[PDB]
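# Results of the structural survey
If you want the building blocks of each chain, they are given just below.
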Amino acid sequence: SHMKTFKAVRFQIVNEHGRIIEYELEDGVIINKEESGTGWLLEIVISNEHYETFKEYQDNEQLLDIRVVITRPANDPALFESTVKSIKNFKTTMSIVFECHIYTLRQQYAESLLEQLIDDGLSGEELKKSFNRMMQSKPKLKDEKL
Amino acid sequence: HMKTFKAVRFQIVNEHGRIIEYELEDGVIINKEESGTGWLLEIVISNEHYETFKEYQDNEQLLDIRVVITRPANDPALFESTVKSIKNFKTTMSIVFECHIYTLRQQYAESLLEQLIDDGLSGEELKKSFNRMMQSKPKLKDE
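Residues numbered from 1 in each chain as written, not as in the entry; some residues may be left out. Chains lettered and ligands numbered in written order. Heavy atoms only, no water.

Its PDB record attributes the structure to X-ray crystallography, giving the resolution as 2.49 Å.

Here's what the structure looks like:
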């Protein structure tokens, strides 16, 4: 793809346990800012309902593991690590800009993911349960945190 | 609410009512009126006519464009635009345009006819040109 500007049609945030919170988009754009080595800029419009969550993310400079689907909703998510840069609250909606850096899923994800879950002591049905959910959501692995 | 859209067709219309369609790899258009920059359009097309677009950018040529938004089912929105940037690849290029949307003047038909007659046209030539210009809808000489 040769474009530097894309329409964002789905937005999700994933936690450690591979649990997705999806936010319904009013609007969405994401720009590849290579001009500086500044990464990517995501601007979305969502309901005000989530103003506190995102205000707290901004205040703590929370590192967020996000999934962004581009152009058409059936497409495979792109993977970013991001922080909230600015928030604008409106009457029923809010506008949020994120600072994003793209990443590719590592090789041997399935093997590392299993190694992590077993080292956390999971077994049998809880293990199948977590592995399957995590295989789809793809959380950042414990060996990448601090 | 929705401010960012897919751009599915792109055309330039010249003085003569002639449509020049370019097939898109991709396109997005963004409504930035709140800012006051009008709309922002990025497209990827073949780079065969790179020199044509470099020329427009250098001359800051004012282009009368038609953009179909979201679905091909829609009729094109009318823009007056200039080329802001070009990124050239192997056999494609990406172009960004600054655009300002516009509505078609009232009595367009009557003014078109006036111009064609004043330019010496008659008979079959007049009908041919009028029928085409009524489809593409170019800016008139009174500008």
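### Considering the side chain of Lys-6 of chain B
Within the secondary structure, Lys-6 of chain B is located in strand β1 (residues 4-13). The side chain of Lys-6 of chain B sits in the buried core without any salt bridge; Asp-26 of chain B is the nearest counter-charge, 9.2 Å away. (Helix = DSSP H or I, 4+ residues; strand = E, 2+ residues; numbered from the N terminus. Buried < 20%, exposed > 50% of the residue type's maximum accessible area, 1.4 Å probe, protein only. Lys, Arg positive; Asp, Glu negative; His and termini not counted. Salt bridge = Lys/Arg side-chain N within 4 Å of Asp/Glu carboxyl O.)

### A look at the environment of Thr-104 of chain A
Relative to the helices and strands, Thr-104 of chain A resides in the loop between β7 (93-103) and α2 (109-119). Each C-alpha atom of the pair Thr-104 of chain A and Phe-80 of chain A lies 8.6 Å from the other, and the pair is 24 residues apart in sequence.

### Quick notes on the packing of aromatic side chains
Any two aromatic rings considered together are summarised by their centre-to-centre distance and by the angle between their planes. The full count for this structure, using the stated rule, is 14 aromatic pairs over all chains. Here the aromatic rings of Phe-54 of chain A and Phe-98 of chain A are separated by 6.1 Å at their centres, their planes lie at 80 degrees, and the arrangement is edge-to-face. With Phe-54 of chain A in helix α1 (residues 51-59) and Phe-98 of chain A in strand β7, the pair connects residues that are 44 residues apart, well separated along the chain. Comparing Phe-54 of chain A with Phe-98 of chain A shows no difference in burial state: the two are buried. The structure contains a cluster of three or more aromatic residues connected by ring pairs, namely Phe-11, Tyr-23, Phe-54, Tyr-57 and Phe-98 of chain A. Lying over the aromatic face of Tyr-103 of chain A, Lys-140 of chain A brings its terminal NZ or CZ to 3.5 Å of the ring centre. Here the basic side chain of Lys-139 of chain B rests over the ring of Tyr-102 of chain B, its NZ or CZ set 4.0 Å away from the ring centre. (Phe/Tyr/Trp six-rings, centres within 6.5 Å; stacked < 30°, edge-to-face > 60°. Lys NZ or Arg CZ within 6 Å of the ring centre and 35° of its normal.)

### What about the pattern of salt bridges?
Overall, the coordinates contain 15 salt bridges over all chains when judged by the stated rule. Where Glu-98 of chain B meets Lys-84 of chain B, a salt bridge forms, and the shortest distance between an N and an O atom there is 2.6 Å. With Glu-98 of chain B in strand β7 (residues 92-101) and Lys-84 of chain B in strand β6 (residues 77-88), this residue pair connects regions lying 14 residues apart in the sequence. Looking at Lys-84 of chain B, the relative accessible area reads 45%, which means it is partly exposed. Each of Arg-106, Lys-140, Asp-143 and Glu-144 of chain A takes part in salt bridges that share partners, so that together they form one network.

### What about the pairing of strand β4 (residues 39-46) of chain B?
Residue and element names in this part refer to chain B. Burial analysis of β4 places 6 of its 8 residues in the buried class, the great majority of the element. As paired elements, strand β3 (residues 26-31) and β4 share 6 bridges and run antiparallel to each other. The partner of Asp-26 across the bridge, within β4, is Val-44. Across 8 bridges, β4 lies against β7 in antiparallel orientation. Bridge pairing links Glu-42 to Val-96 in β7. (Pairing = 2+ DSSP bridges.)

### Brief notes about the nonpolar core
In this structure, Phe-11, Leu-42, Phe-54, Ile-66, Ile-96 and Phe-98 of chain A are the most contacted members of the largest nonpolar core, which totals 29 residues. For this core, the secondary-structure elements that each account for two or more residues are β1 (5-14), β3 (27-33), β4 (39-47), α1, β5 (64-70), β6 (78-89) and β7 of chain A together with β3 of chain B. With sequence-adjacent residues up to four places away left out, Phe-98 of chain A is seen in contact with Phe-11, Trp-40, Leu-41, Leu-42, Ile-44, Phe-54, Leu-64, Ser-82, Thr-83, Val-84 and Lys-85 of chain A. (Core = buried A, V, L, I, M, F, W, Y, C linked by side-chain atoms within 4.5 Å. Contact = heavy atoms within 4.5 Å.)

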